[PDB]
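Presented below, as structure tokens, is a lone chain in the form deposited in one PDB entry.
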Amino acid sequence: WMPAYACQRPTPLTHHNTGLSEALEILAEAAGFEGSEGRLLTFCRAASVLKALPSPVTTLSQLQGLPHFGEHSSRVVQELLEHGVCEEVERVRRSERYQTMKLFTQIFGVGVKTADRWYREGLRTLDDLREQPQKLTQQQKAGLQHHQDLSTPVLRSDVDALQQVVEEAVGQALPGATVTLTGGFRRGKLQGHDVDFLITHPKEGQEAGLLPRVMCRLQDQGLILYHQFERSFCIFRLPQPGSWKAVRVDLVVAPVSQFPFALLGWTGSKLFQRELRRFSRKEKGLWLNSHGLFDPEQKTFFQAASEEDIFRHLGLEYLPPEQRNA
């Protein structure tokens, strides 16, 4: 059948129900904009279920028995199957509230709470925000200045270039340290909104203090347009033909003992990790995050040398990153 947790089934990047999943994810997004995290989760999970199916849904009957499809999500699918559009979805798409909250929350440094307050205050455009910078954090000023570049898809060419310069700085910061590409590109995506890198060292403990040294070295190369420890949310200056563009890059450091858990978490998808942690706690009684896996009965952490170890600890069939596109 179809299991109820996304981490129990392979989900490929491309699939056979793209239009149906896209529509449900509009409703999930809108639910988030209104603070309804429960409805967001259900709509996300229902969309993910369709991603995992082996063929296109053609008839409403094919939804019977599928987890996370109830009256609401099935009606969305029925309208799409019958009319090619779902009236609720189209109403969301063209609502001023949805459009403005999408524009605002996609600014680096702006979340749902900030976007909602700005919306209530009457603000609607990026130029509205730029007219009174005094109301902005340093992070939001950077997100607004570079917003256009940050809206341009990051390509694989860009990733190769960025990894080499990151490796150069990491190599000077700490000989022997390694750089691993994570995030959506590791799941096989050809584009991204940013690049994610996970940094470690084979000798436990030697990675301590590493990220400041890396950042200082990238800074003195003039590559850091913005940055603010274990996680650095940066904007890199990336060369382009006769120019350059700003690119969001995340750098994260973990000791080798935690590296499998950090690799798993930063490789995503977001829904996959939420479902994996939910499964861990509620089905296995184990607590999972990007640092480790904790047995609260025996008060001990599971040692893992690989992602494969973690799936085994959780009694789940192993899924390569390419099949974690929940």
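For clarity, a rigid core is taken as the largest C-alpha set superposing within 1.5 Å between two forms. Residues carry their position along the shown sequence, with the first being 1.
What comes next is about the form deposited in another entry, which does not appear here.
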Quiz item: Which residue in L103, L144, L210, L181 stands out, with a C-alpha shift of 2 Å or more between this form and the one not shown when both forms are set on the rigid core?
Solution: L210
Quiz item: Does the C-alpha of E90 move 2 Å or more between this form and the one not shown once the rigid core is lined up?
Solution: no
Quiz item: Quick one: core overlaid, is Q221 moving 2 Å or more at the Cα between this form and the one not shown?
Solution: yes
